[PDB]
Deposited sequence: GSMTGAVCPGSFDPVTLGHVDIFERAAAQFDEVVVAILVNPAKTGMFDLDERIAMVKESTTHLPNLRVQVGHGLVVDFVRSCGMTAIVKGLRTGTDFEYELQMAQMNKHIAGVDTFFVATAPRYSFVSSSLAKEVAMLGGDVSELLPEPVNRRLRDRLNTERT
């Protein structure tokens, strides 16, 4: 009866994201990954699903966007977002306060583990295009697809 929504573009999902999903999943009864580019919708959904098989209380869903509306529709009142190096925290704070104002939804921030604290969807893609090895920072399902869209 407790629930958190984890919203993002997830293009593609990274290990920093999965770290947060695991932590949300361990603290709330249900977690919903809301997928709000390099990969299309079902590729992103599939990559999230394939990377979260170990989390039975998590589900993935496309969202169309006011995150607070999505949260409110799912019957929840909490958003969970990760923090990593390069997160624009002032903007996240502005959105958190706006979201509480308009829909009464709370946002809980949690720091990603240090080893995954410097990956982001954008940087991983940019580095990947130029032949940098980011495979230790992304799930296998993502590495698999990233390799294909190279050769």
If I number the deposited sequence starting at 1, which residue ranges have no C-alpha coordinates at all? 1-2, 39-44, 160-163
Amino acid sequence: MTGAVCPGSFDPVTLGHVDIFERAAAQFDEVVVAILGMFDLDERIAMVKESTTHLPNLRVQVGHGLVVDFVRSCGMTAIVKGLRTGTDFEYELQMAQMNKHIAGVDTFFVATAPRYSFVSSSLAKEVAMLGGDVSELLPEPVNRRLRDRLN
From here on, numbers count along this sequence of modelled residues.
Of the other entries that cover residues on both sides, do at least a third skip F89? yes
Where do the C-alpha atoms have the higher mean temperature factor in this entry, in 16-24 or in 129-137? 129-137
Going by the mean C-alpha B-factor recorded in the entry, which is higher: 100-108 or 41-49? 41-49
Just the C-alpha B-factor column, please: which of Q61, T87, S117, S121 has the biggest number? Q61
Taking the chain's C-alpha temperature factors as the reference, tell me which third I79 falls into: lowest, middle or highest. lowest
When the modelled residues of the chain are sorted by Cα temperature factor, does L36 land in the lowest, middle or highest third? highest
Compare the C-alpha B factor of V5 with those of the other modelled residues in its chain, then answer lowest, middle or highest third. lowest
Within this chain's modelled residues, let me know which third the CA B factor of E92 belongs to: lowest, middle or highest. lowest
